[PDB]
Amino acid sequence: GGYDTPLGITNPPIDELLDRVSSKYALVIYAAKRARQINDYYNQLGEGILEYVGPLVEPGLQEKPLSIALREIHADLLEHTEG
Amino acid sequence: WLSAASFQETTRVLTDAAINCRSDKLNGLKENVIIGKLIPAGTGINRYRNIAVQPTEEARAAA
Amino acid sequence: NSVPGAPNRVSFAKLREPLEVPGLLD
Amino acid sequence: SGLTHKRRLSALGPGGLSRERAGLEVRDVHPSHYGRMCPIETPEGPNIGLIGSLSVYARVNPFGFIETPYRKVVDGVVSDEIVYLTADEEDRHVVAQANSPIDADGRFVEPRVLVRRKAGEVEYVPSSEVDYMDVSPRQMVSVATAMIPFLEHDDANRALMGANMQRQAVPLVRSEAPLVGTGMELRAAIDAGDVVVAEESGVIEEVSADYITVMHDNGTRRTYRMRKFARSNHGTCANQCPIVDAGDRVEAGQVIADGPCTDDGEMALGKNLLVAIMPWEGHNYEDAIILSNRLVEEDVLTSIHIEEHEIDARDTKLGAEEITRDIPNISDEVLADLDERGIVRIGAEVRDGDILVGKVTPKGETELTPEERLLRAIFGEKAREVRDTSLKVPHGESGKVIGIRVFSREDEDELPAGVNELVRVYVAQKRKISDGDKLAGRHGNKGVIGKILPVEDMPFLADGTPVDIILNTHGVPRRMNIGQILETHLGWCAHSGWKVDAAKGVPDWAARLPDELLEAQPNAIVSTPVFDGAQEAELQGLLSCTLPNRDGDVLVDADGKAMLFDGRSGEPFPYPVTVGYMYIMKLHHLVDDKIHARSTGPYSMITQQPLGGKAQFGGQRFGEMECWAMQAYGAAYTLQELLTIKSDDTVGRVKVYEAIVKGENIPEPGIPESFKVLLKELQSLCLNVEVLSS
Amino acid sequence: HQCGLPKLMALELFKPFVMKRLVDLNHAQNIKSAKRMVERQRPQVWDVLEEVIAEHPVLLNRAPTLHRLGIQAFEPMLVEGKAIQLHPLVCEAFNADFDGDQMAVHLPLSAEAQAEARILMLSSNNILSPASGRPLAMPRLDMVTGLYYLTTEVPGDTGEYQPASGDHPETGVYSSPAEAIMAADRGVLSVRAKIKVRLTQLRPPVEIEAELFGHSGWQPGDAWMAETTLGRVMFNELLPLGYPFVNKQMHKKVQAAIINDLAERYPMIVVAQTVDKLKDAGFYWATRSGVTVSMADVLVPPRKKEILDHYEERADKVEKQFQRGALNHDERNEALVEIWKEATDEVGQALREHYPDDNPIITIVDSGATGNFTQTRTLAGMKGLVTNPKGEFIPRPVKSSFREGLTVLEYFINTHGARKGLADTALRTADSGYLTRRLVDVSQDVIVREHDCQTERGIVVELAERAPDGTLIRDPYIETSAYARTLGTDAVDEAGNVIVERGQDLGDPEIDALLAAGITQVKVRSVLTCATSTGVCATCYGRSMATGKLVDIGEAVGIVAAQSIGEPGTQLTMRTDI
Amino acid sequence: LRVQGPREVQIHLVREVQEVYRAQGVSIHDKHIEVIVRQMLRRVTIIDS
Amino acid sequence: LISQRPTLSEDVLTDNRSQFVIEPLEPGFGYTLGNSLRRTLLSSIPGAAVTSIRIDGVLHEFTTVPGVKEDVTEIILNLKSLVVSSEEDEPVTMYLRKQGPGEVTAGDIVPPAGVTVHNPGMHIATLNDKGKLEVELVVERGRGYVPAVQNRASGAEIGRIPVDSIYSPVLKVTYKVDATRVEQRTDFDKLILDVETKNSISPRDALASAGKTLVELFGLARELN
Amino acid sequence: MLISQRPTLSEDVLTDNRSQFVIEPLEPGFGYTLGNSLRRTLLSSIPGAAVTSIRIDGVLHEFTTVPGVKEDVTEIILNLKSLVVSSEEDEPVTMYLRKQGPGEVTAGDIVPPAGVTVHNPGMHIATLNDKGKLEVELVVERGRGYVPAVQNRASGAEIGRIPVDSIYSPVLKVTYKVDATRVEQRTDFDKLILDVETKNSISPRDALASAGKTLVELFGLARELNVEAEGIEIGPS
Ligand SMILES: [Mg+2]
Ligand SMILES: [Zn+2]
């Protein structure tokens with residue numbers, strides 16, 4: 001597609017996020033569980049490290065874990081299996 | 001009997017669900033709102049709520 | 001008119017008023 | 001508003017019909033209301049037709065029927081004797097119409113007269129069966145509806161909104177009289193009672209800002225005090241200031257001191273603001289309004305609001321409460337403005353959180369935790385056996401402290417049982433105009449303020465004058481209220497003045513104009529009464545002949561339109577734009593009284609839900625229709641956390657608060673409290689509700 | 001995707017987040033001192049509040065919530081003031097004026113709730129209405145006046161192209177829209193004059209493209225000549241690069257068709273950015289349009305006295321015949337009502353043929369911005385007949401317009417119908433709310449559970465019935481009956497092959513192909529014949545009207561149907577014993 | 001329903017509802033009315049046990 | 001190619017209002033140049049105005065002095081139209097003492113060295129035989145409009161009354177161009193700028209200050225290469 | 001007084017000649033009071049040269065078509081109109097081109113006299129086939145802005161010339177918009193975002209510098225009335 005630079009909450013674009021998943025509900029749970037793993041990493045980094053890993057892309061200065069999760073989905077670094 | 005009693009005629013619905021010893025299965029979309037669990041529609045169904053998310057093999061290795 | 005300390009407010013009216021307005025708290 | 005709260009005929013009450021069970025038959029305008037009720041002025045909420053208001057000329061019978069005056073016409077000659085007829089006699093007779101051509105003695109002119117018959121029908125009856133005539137037009141209208149100029153050009157819904165919003169205006173600090181009004185302004189001011197009126201004639205001896213002492217014609221003298229900055233019921237100001245000099249001569253009935261919303265005697269609810277009716281860059285989109293910064297700089301639309309706060313020191317079971325500045329554990333610096341005995345000093349500016357009255361209640365001796373016991377043993381302080389419940393100024397309030405009114409038991413004041421001391425503190429602030437505040441005209445064109453531009457990027461005239469508001473033009477044609485356009489044109493004519501050139505005779509638009517409306521100075525106050533006003537032909541003529549500003553320059557041509565420049569890009573606008581002077585008023589739906597927010601505050605008693613209302617902290621209500629909208633979206637988790645860990649999960653609210661503060665993940669919700677309350681009620685109604693497992 | 005949030009409300013909403021952050025940045029030592037600092041509003045808290053408010057959506061809701069687009073999720077930003085600044089394109093969905101209406105702001109906390117408010121409920125993901133599929137973020141009334149003025153064409157304006165020769169060439173052509181914009185910035189060219197530009201970055205329409213380049217004009221580069229105005233060029237620069245050149249006049253139905261075509265061919269981010277560009281240019285050219293109302297712009301027709309006298313004679317003859325006694329008390333009421341209905345229509349027709357085409361009032365009406373013509377007729381012309389508390393027509397009638405000014409008796413008569421309309425509009429919203437409640441309670445257990453019931457049943461659909469002379473006329477109610485539902489069996493035409501195979505979505509090219517091949521009935525697949533046990537299936541539901549794809553496998557189609565039926569209450573007037 | 005079977009009451013209910021909305025220029029797709037109509041005809045009445 | 005440079009010349013109408021004419025500009029440049037000068041003149045000319053007053057007996061803005069006819073907030077509204085021109089930059093003070101019957105004008109203010117009061121005919125308040133007025137004002141420099149700086153933001157006592165101050169010595173600015181547009185495409189504009197000031201600075205000084213501000217701003221884009 | 005916040009300036013190159021200048025943070029107002037002035041000065045106050053009148057022999061009054069070429073008179077005219085050229089002498093010079101035989105004519109075919117330079121030899125102008133003869137006489141002079149076709153002044157002294165519209169400017173399309181960055185502590189500042197697109201005669205940085213120079217001297221004209229008057233100095237960087 002062709003557009004201007006998406007700014008703020010609409011980056012990465014949703015029509016390019018939705019090629020990864022089946023439907024928007026699967027996208028919601030995909031990004032939410034990845035954000036939970038990232039927040040557990042950030043509260044477990046001083047102590048010993050469990051299986052929670054990430055961020056797989058380099059975050060900004062003060063970037064929310066949901067934004068990092070959506071950029072990870074768009075950059076094609078995760079994989080998911082439905083119920 | 002829980003979605004029916006909250007609609008209309010609360011006294012009449014409760015007074016003959018009690019006689020029949022009726023059992024609710026909480027399969028509805030208004031019974032789950034009352035008892036405070038996930039509605040069975042949208043992102044609250046088992047196809048979407050049990051998604052397992054993990055990093056892939058080549059990006060686990062490359063970090 | 002009929003109120004002594006009044007500002008002169010020129011009217012566009014074309015009819016004569018036979019009855020003044022009553023007291024508004026009667 | 002004070003006058004029209006009286007003269008109100010509420011049809012609901014003890015002995016009358018209720019609101020839910022009132023049929024649509026009783027809410028209509030019967031055709032026997034002509035002169036006994038106002039068809040326009042009703043509340044627009046869920047009380048349409050159940051609350052009315054008395055007409056201007058109406059009276060009340062000895063029994064309770066509403067009379068109205070009529071002129072008695074005897075054999076085609078209209079006399080001057082006035083007969084008060086109730087509805088039965090009005091149905092019996094046949095009543096003429098007020099604006100019909102009397103032939104200078106009482107005779108009619110045309111041989112057929114429009115009348116009003118028995119069943120509310122309107123006919124054409126020859127001028128010998130007519131046996132009654134109205135006293136005047138605008139006999140049907142009320143007091144509030146008689147102050148709208150050009151009422152007969154508005155639609156009835158917009159006239160209803162105008163007559164309801166005219167009694168929500170606030171008193172400003174300057175109170176300028178309207179440039180175009182009706183005649184019902186001086187009488188509605190001196191009969192409202194908020195204007196000091198001289199009782200007997202005399203000569204003024206001494207004027208101060210607190211009293212006037214007239215010296216009467218026979219020896220005696222009488223001093224009228226003034227209400228200076230006294231709070232009204234709704235929190236506005238009730239200032240009164242004299243308008244006489246120290247040597248004048250007054251007559252009986254003359255206005256001697258203004259009121260809140262009056263100017264030299266007559267009512268004045270708003271200011272005259274130069275208007276334009278163009279659409280401007282989307283800031284006035286769908287009834288929003290753009291002001292100028294001049295109305296903030298020059299304090300045009302500025303009001304004063306006065307609050308009050310009350311605390312009382314009673315004697316509880318464990319002792320007596322005490323109003324003193326010896327507060328328990330607190331810094332010294334918050335005790336700066338407080339005096340030697342508690343209450344704040346007069347003039348000290350406060351802010352949302354400051355101490356107004358320092359009151360400390362006895363607590364006694366309870367159980368202390370081991371951690372606080374260890375901290376007290378570390379830092380050596382004692383238990384501080386009295387608990388501080390002071391009076392603090394609530395959120396969002398500020399302003400000076402005007403006066404402290406303190407009662408006491410020891411001065412033998414009639415406090416209720418238990419109260420030993422009661423103290424009231426008045427805090428007043430001066431609110432300027434701001435975006436979010438709500439403005440309105442007289443013909444029902446309200447709207448919030450969208451943006452206050454600086455004075456340099458406003459569309460200025462060719463002379464240099466910037467406009468002051470910009471009203472949108474898509475709200476005029478589809479709402480049928482072109483009373484505002486005619487008021488705008490006549491406002492410009494009355495501002496710039498006129499002189500009709502009667503050199504080669506009076507022109508034929510002005511054949512029925514009165515004398516001394518052929519010329520007028522600038523800022524001439526004119527008046528068009530309600531159903532007998534200035535016609536369109538007279539408005540066209542007066543618009544065509546005005547007089548120039550200072551140089552030879554007529555800024556507004558014959559259509560009423562001017563060639564505005566653009567103060568932002570520089571170039572002139574391509575087409576001429578309607579300008580003129582409109583009388584707009586500031587309404588009491590201010591933005592400071594409406595905003596509230598809540599993160600965590602008080603909770604309810606039986607069920608554990610948050611409270612509701614801005615008087616508390618108060619949460620918003622998330623009802624059935626919003627639950628249906630969320631289910632229609634498909635957001636299940638948003639709905640679950642809106643109904644569990646934000647309202648009722650009592651063990652969940654503290655856990656989500658500590659998880660947010662520590663930065664962790666939000667826990668899963670639990671069973672809400674109201675469901676367990678429901679199960680206890682159902683078990684208490686002898687029903688065996690049991691929740692199974694598998 | 002933005003909303004303005006006042007700072008005093010945002011601080012109180014985001015108080016725990018700002019307490020955590022200003023403890024972690026060592027502005028305070030612990031939670032108690034941090035809370036004291038926040039409640040005293042020391043000036044570090046704004047610099048913390050901006051960084052904690054970045055990228056965190058809030059939900060804005062306006063009561064009553066009639067349909068599901070009444071709750072939407074914007075991304076906030078701080079605003080010095082105390083008013084929630086809303087976008088001007090979501091007021092149609094919220095049903096919000098700015099007469100003092102109030103809106104409520106919620107806040108999502110958990111990661112699932114923020115993901116839901118960012119993906120499902122975001123403002124720029126809900127362009128189309130879920131009921132019919134028409135766009136709801138379309139420009140409305142003010143951008144519509146602006147774009148209609150921008151794209152209309154005035155014959156004989158300044159700088160018009162004229163081919164007059166013999167001494168000089170045409171002097172209307174231009175080499176680029178940059179040169180045209182420079183000439184319009186000078187006083188030479190009007191925006192609405194017909195010229196011949198030479199476009200190089202705007203894709204030609206299909207006929208000119210197939211004539212000049214044939215197949216593959218790679219429109220970044222190729223050059224072609226268009227005989228349009230300059231306003232249409234400035235309008236088509238807002239549309240995307242691949243979209244063909246429109247060259248029409250932007251009535252509101254044309255703008256709706258353009259935005260619907262964009263939403264069915266392009267991604268939703270492109271549709272949202274296009275809608276914002278249209279809003280900007282619409283407001284900017286609405287200011288320079290010269291739309292004002294004065295008392296000289298409301299012209300009265302010059303034959304109203306003659307028309308009213310010609311019908312007054314017939315009314316007088318009917319009343320004279322009633323006084324003679326040849327007809328009872330109701331027949332004269334019917335005759336008078338018919339006479340004054342004819343007089344009202346005649347006055348309206350005289351007004352319509354009298355008004356010029358470039359009046360402000362008739363431009364506002366004719367551009368589809370606001371209003372209808374009956375309001376213009378009552379403003380200038382004749383109010384007409386009026387009702388009663390019973391409901392019958394008072395046969396007086398009201399013969400004065402609101403420009404001339406109603407008289408005392410006519411105003412008192414008009415107040416009956418005005419107050420009855422106000423009370424009826426008060427009652428009808430509660431009635432519609434009760435109906436929506438019962439529909440939601442019945443249809444709450446219809447959700448999508450599978451992908452295919454795999455039945456062979458299905459309803460039939462009328463699809464453009466035959467004409468008597470012999471041709472195919474399109475049925476008018478085809479966008480609400482045949483569009484957006486899956487075919488059940490194949491379409492076979494008069495002993496031929498398949499036109500559309502079984503399972504297709506049956507959109508506009510499929511319907512055009514069927515009507516070109518000349519068939520009339522199809523067997524389409526519907527939820528009345530869906531064969532799953534609990535809840536409908538997904539191929540029986542068809543496409544979702546709000547997205548354009550197939551419906552998902554968790555959608556609450558019953559609640560969407562109930563809110564879609566019950567929302568157009570308060571615009572269902574009864575009449576004026578079925 | 002009693003005369004022309006269960007199909008013709010589904011034609012009749014959709015047609016009569018849509019002629020109320022079309023008179024005021026309101027567009028609702030017919031699949032939003034067929035969800036409600038299918039929820040009326042779910043049940044049968046017993047004549048013989 | 002026109003090779004003549006524009007030149008400004010002043011015609012005087014009154015003592016506080018003049019009328020400048022600039023010619024020959026490029027076609028289409030008169031409106032933009034005049035509006036740039038007008039927007040600079042109306043918003044960024046530095047002047048001086050009274051910041052906060054302090055009457056003797058009163059304590060806040062919502063009371064009355066015994067004897068005077070206008071109360072304190074009306075005296076504030078009357079003092080908001082006083083025009084004063086200051087020389088130094090520190091906050092100076094000036095006093096007003098008046099006793100007995102009469103009428104307090106703005107000529108009764110006794111200014112210190114440097115500052116002056118330019119309209120000695122303004123009406124402030126009126127007094128009777130039992131009245132006395134002792135008010136000391138505070139004069140500062142600045143530009144634009146700035147609201148009331150509060151007491152607690154400063155370290156002020158109870159008696160200080162902060163007043164809204166507007167420091168703007170210009171009153172009403174307009175412009176008017178006159179394009180020729182002859183057939184031979186030798187066209188020019190002729191800006192005619194009219195400035196009216198409120199008796200505190202001359203319009204030549206107002207225009208010179210606006211020109212200095214614009215030169216210092218466009219020097220940034222001048223220094224680029 | 002003092003500005004208390006110095007504005008900056010930072011171009012952003014998009015293509016070879018198209019940019020996006022931003023200026024931040026301007027004190028409130030001043031985005032509109034210098035954006036429109038910059039735009040109008042950029043479009044109307046930078047000198048350059050352009051073709052004013054052409055003359056092709058064989059066409060004097062038959063303004064339909066030219067024998068031997070593919071296009072017609074209007075296509076040749078607006079192929080010549082978008083021809084970027086430069087000059088030094090202020091009098092109108094005359095150029096020529098005379099290409100024989102079949103083939104395509106480019107803008108490198110014209111033989112430039114002393115002073116002028118043609119900045120794109122690769123622009124297509126016409127197309128010849130089957131023994132055409134193109135001989136066009138061009139007139140180049142210099143000025144500012146855009147000026148339409150100045151009509152027939154001397155009628156009988158030149159009957160074959162056809163004057164065209166001239167585009168003397170080196171810039172072509174300047175658009176601006178302002179914003180509201182960082183309104184927090186200093187009461188609603190501004191940010192002007194220019195967007196200059198030029199022809200390849202000059203660069204947008206040089207265009208902005210020349211516009212800044214002419215605006216600085218045009219406002220120093222008003223500054224030199226009373227030089228000892230206080231304004232708003234920016235000061236040191
Ligand atoms: Mg509203
Ligand atoms: Zn199915």
# chains A, B, ... in the order shown; residues from 1 in each chain; ligands from 1
$ closest_atom_pairs --of "chain D" --to "ligand 1" --cutoff "12 Å" --atoms "only C-alpha atoms and all ligand atoms" --output "CSV"
residue,atom,partner,partner_atom_place_in_ligand_line,distance
D:286,CA,ligand 1,1 (Mg),9.7
D:287,CA,ligand 1,1 (Mg),9.3
D:288,CA,ligand 1,1 (Mg),11.0
D:445,CA,ligand 1,1 (Mg),11.7
D:446,CA,ligand 1,1 (Mg),9.8
D:447,CA,ligand 1,1 (Mg),8.9
D:448,CA,ligand 1,1 (Mg),10.3
$ residues_near_ligand --ligand "ligand 2" --cutoff "7 Å" --atoms "only C-alpha atoms and all ligand atoms" --output "CSV table (one decimal) with N, CA and C atoms, in the first residue's frame"
chain,number,residue,atom,x,y,z
E,452,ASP,N,-19.0,-22.9,8.4
E,452,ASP,CA,-20.0,-23.4,7.4
E,452,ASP,C,-20.9,-24.4,8.1
E,453,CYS,N,-22.2,-24.1,8.0
E,453,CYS,CA,-23.3,-25.1,8.3
E,453,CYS,C,-23.3,-26.1,7.2
E,454,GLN,N,-22.9,-25.8,6.0
E,454,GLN,CA,-22.8,-26.7,4.9
E,454,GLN,C,-24.1,-27.2,4.4
E,455,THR,N,-25.1,-26.4,4.5
E,455,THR,CA,-26.4,-26.7,4.0
E,455,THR,C,-26.6,-26.4,2.5
E,527,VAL,N,-29.7,-16.6,7.1
E,527,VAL,CA,-29.7,-17.1,8.4
E,527,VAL,C,-31.0,-17.7,8.8
E,529,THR,N,-32.3,-20.1,7.2
E,529,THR,CA,-32.1,-21.5,6.8
E,529,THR,C,-30.7,-22.0,7.3
E,530,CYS,N,-30.1,-21.3,8.3
E,530,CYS,CA,-28.8,-21.7,8.7
E,530,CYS,C,-29.0,-22.9,9.6
E,531,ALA,N,-28.2,-24.0,9.3
E,531,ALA,CA,-28.5,-25.3,9.9
E,531,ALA,C,-27.6,-25.7,11.1
E,532,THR,N,-26.9,-24.7,11.7
E,532,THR,CA,-26.2,-25.1,12.9
E,532,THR,C,-27.1,-25.1,14.1
E,536,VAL,N,-26.0,-18.9,14.6
E,536,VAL,CA,-25.9,-19.0,13.2
E,536,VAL,C,-24.5,-19.4,12.8
E,537,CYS,N,-24.3,-19.8,11.6
E,537,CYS,CA,-22.9,-20.1,11.1
E,537,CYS,C,-22.4,-18.7,10.5
E,538,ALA,N,-21.3,-18.8,9.8
E,538,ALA,CA,-20.7,-17.6,9.2
E,538,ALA,C,-20.8,-17.4,7.8
E,539,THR,N,-20.9,-18.5,7.0
E,539,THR,CA,-21.2,-18.3,5.6
E,539,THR,C,-22.7,-18.0,5.4
E,540,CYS,N,-23.5,-18.4,6.3
E,540,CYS,CA,-24.9,-18.0,6.2
E,540,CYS,C,-25.1,-16.5,6.6
$ residues_around --residues "residue 227 of chain H" --least-positions-apart "6" --cutoff "9 Å" --atoms "only C-alpha atoms" --output "ChimeraX atom specification"
/G:205,208-209,212
$ interface_residues --of "chain D" --to "chain G" --cutoff "8 Å" --atoms "only C-alpha atoms" --output "PyMOL selection string"
chain D and resi 206-209+228-229+241+297+346-349+400+402+455-457+462-465+567-571
$ select_by_dssp --residues "segment 76-125 of chain D" --states "strand (DSSP E or B)" --output "NGL selection string"
:D and (77-85 or 95 or 102 or 107-108 or 112-114 or 116 or 124-125)
$ write_last_selection --atoms "N, CA, C and O atoms" --output "mmCIF file, in the first residue's frame"
data_model
loop_
_atom_site.group_PDB
_atom_site.id
_atom_site.type_symbol
_atom_site.label_atom_id
_atom_site.label_comp_id
_atom_site.auth_asym_id
_atom_site.auth_seq_id
_atom_site.Cartn_x
_atom_site.Cartn_y
_atom_site.Cartn_z
ATOM 1 N N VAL D 77 -68.670 50.881 17.875
ATOM 2 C CA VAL D 77 -67.857 51.964 18.411
ATOM 3 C C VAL D 77 -67.098 51.418 19.605
ATOM 4 O O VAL D 77 -67.710 50.993 20.590
ATOM 5 N N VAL D 78 -65.774 51.437 19.528
ATOM 6 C CA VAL D 78 -64.941 50.881 20.586
ATOM 7 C C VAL D 78 -64.765 51.926 21.675
ATOM 8 O O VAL D 78 -64.166 52.979 21.446
ATOM 9 N N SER D 79 -65.277 51.634 22.860
ATOM 10 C CA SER D 79 -65.202 52.564 23.970
ATOM 11 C C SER D 79 -63.909 52.330 24.742
ATOM 12 O O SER D 79 -63.006 51.626 24.287
ATOM 13 N N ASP D 80 -63.803 52.930 25.923
ATOM 14 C CA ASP D 80 -62.624 52.779 26.755
ATOM 15 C C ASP D 80 -62.887 52.019 28.041
ATOM 16 O O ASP D 80 -61.934 51.744 28.777
ATOM 17 N N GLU D 81 -64.137 51.692 28.343
ATOM 18 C CA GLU D 81 -64.428 50.948 29.555
ATOM 19 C C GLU D 81 -63.960 49.511 29.406
ATOM 20 O O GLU D 81 -64.182 48.871 28.378
ATOM 21 N N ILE D 82 -63.304 49.008 30.441
ATOM 22 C CA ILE D 82 -62.587 47.745 30.388
ATOM 23 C C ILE D 82 -63.287 46.750 31.298
ATOM 24 O O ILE D 82 -63.517 47.032 32.477
ATOM 25 N N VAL D 83 -63.637 45.595 30.742
ATOM 26 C CA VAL D 83 -64.397 44.564 31.430
ATOM 27 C C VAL D 83 -63.519 43.333 31.545
ATOM 28 O O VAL D 83 -62.921 42.904 30.554
ATOM 29 N N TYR D 84 -63.433 42.765 32.739
ATOM 30 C CA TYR D 84 -62.628 41.574 32.964
ATOM 31 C C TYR D 84 -63.485 40.332 32.762
ATOM 32 O O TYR D 84 -64.423 40.093 33.525
ATOM 33 N N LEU D 85 -63.157 39.534 31.754
ATOM 34 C CA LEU D 85 -63.962 38.387 31.371
ATOM 35 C C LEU D 85 -63.183 37.104 31.565
ATOM 36 O O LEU D 85 -62.081 36.964 31.037
ATOM 37 N N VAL D 95 -65.032 38.045 20.302
ATOM 38 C CA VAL D 95 -63.971 38.980 20.663
ATOM 39 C C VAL D 95 -63.185 39.338 19.414
ATOM 40 O O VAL D 95 -62.802 38.453 18.644
ATOM 41 N N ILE D 102 -59.117 51.145 14.123
ATOM 42 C CA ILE D 102 -60.016 52.108 14.749
ATOM 43 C C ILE D 102 -60.001 53.425 13.976
ATOM 44 O O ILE D 102 -58.942 53.921 13.571
ATOM 45 N N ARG D 107 -64.985 53.837 15.941
ATOM 46 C CA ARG D 107 -65.529 53.099 14.814
ATOM 47 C C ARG D 107 -64.452 52.250 14.156
ATOM 48 O O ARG D 107 -63.272 52.598 14.154
ATOM 49 N N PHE D 108 -64.861 51.111 13.615
ATOM 50 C CA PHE D 108 -63.948 50.370 12.768
ATOM 51 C C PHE D 108 -63.881 51.035 11.397
ATOM 52 O O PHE D 108 -64.710 51.876 11.048
ATOM 53 N N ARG D 112 -65.418 44.473 7.602
ATOM 54 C CA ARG D 112 -65.353 43.107 8.097
ATOM 55 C C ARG D 112 -64.156 42.968 9.021
ATOM 56 O O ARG D 112 -63.052 43.402 8.681
ATOM 57 N N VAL D 113 -64.378 42.351 10.176
ATOM 58 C CA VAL D 113 -63.426 42.338 11.277
ATOM 59 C C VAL D 113 -63.088 40.895 11.609
ATOM 60 O O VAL D 113 -63.989 40.072 11.792
ATOM 61 N N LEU D 114 -61.796 40.586 11.677
ATOM 62 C CA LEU D 114 -61.361 39.270 12.119
ATOM 63 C C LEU D 114 -61.626 39.113 13.611
ATOM 64 O O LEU D 114 -61.235 39.969 14.405
ATOM 65 N N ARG D 116 -62.789 36.159 17.090
ATOM 66 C CA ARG D 116 -62.558 34.854 17.697
ATOM 67 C C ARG D 116 -63.872 34.348 18.273
ATOM 68 O O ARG D 116 -64.428 34.967 19.182
ATOM 69 N N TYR D 124 -64.806 35.636 9.997
ATOM 70 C CA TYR D 124 -64.813 36.984 9.437
ATOM 71 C C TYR D 124 -66.215 37.542 9.639
ATOM 72 O O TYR D 124 -67.108 37.301 8.824
ATOM 73 N N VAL D 125 -66.406 38.292 10.715
ATOM 74 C CA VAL D 125 -67.732 38.723 11.141
ATOM 75 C C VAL D 125 -67.890 40.202 10.809
ATOM 76 O O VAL D 125 -66.929 40.964 10.970
#
$ select_by_dssp --residues "segment 241-340 of chain E" --states "alpha helix (DSSP H)" --output "ChimeraX atom specification"
/E:252-265,268-287,304-324,331-340
$ closest_atom_pairs --of "chain C" --to "chain D" --cutoff "6 Å" --atoms "only C-alpha atoms" --output "JSON lines"
{"residue": "C:4", "atom": "CA", "partner": "D:254", "partner_atom": "CA", "distance": 5.5}
{"residue": "C:5", "atom": "CA", "partner": "D:254", "partner_atom": "CA", "distance": 4.9}
{"residue": "C:9", "atom": "CA", "partner": "D:526", "partner_atom": "CA", "distance": 5.4}
{"residue": "C:10", "atom": "CA", "partner": "D:526", "partner_atom": "CA", "distance": 4.9}
{"residue": "C:11", "atom": "CA", "partner": "D:527", "partner_atom": "CA", "distance": 4.7}
{"residue": "C:12", "atom": "CA", "partner": "D:528", "partner_atom": "CA", "distance": 5.3}
{"residue": "C:13", "atom": "CA", "partner": "D:533", "partner_atom": "CA", "distance": 5.8}
$ interface_residues --of "chain E" --to "chain A" --cutoff "7 Å" --atoms "only C-alpha atoms" --output "VMD selection string"
chain E and resid 55 75 111 to 112 115 to 116 119 to 120 267 269 to 270 552
$ atom_distance --atom1 "atom CA of residue 150 of chain D" --atom2 "atom CA of residue 5 of chain D"
24.4 Å
$ residues_around --residues "residue 452 of chain D" --least-positions-apart "5" --cutoff "6 Å" --atoms "only C-alpha atoms" --output "PDB file with C-alpha atoms, in the first residue's frame"
ATOM      1  CA  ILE D 290     -15.334  31.910  18.479  1.00  0.00           C
ATOM      2  CA  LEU D 291     -14.846  34.998  20.619  1.00  0.00           C
ATOM      3  CA  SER D 292     -12.112  37.618  20.640  1.00  0.00           C
ATOM      4  CA  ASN D 293      -9.432  38.137  23.235  1.00  0.00           C
TER       5      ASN D 293
END
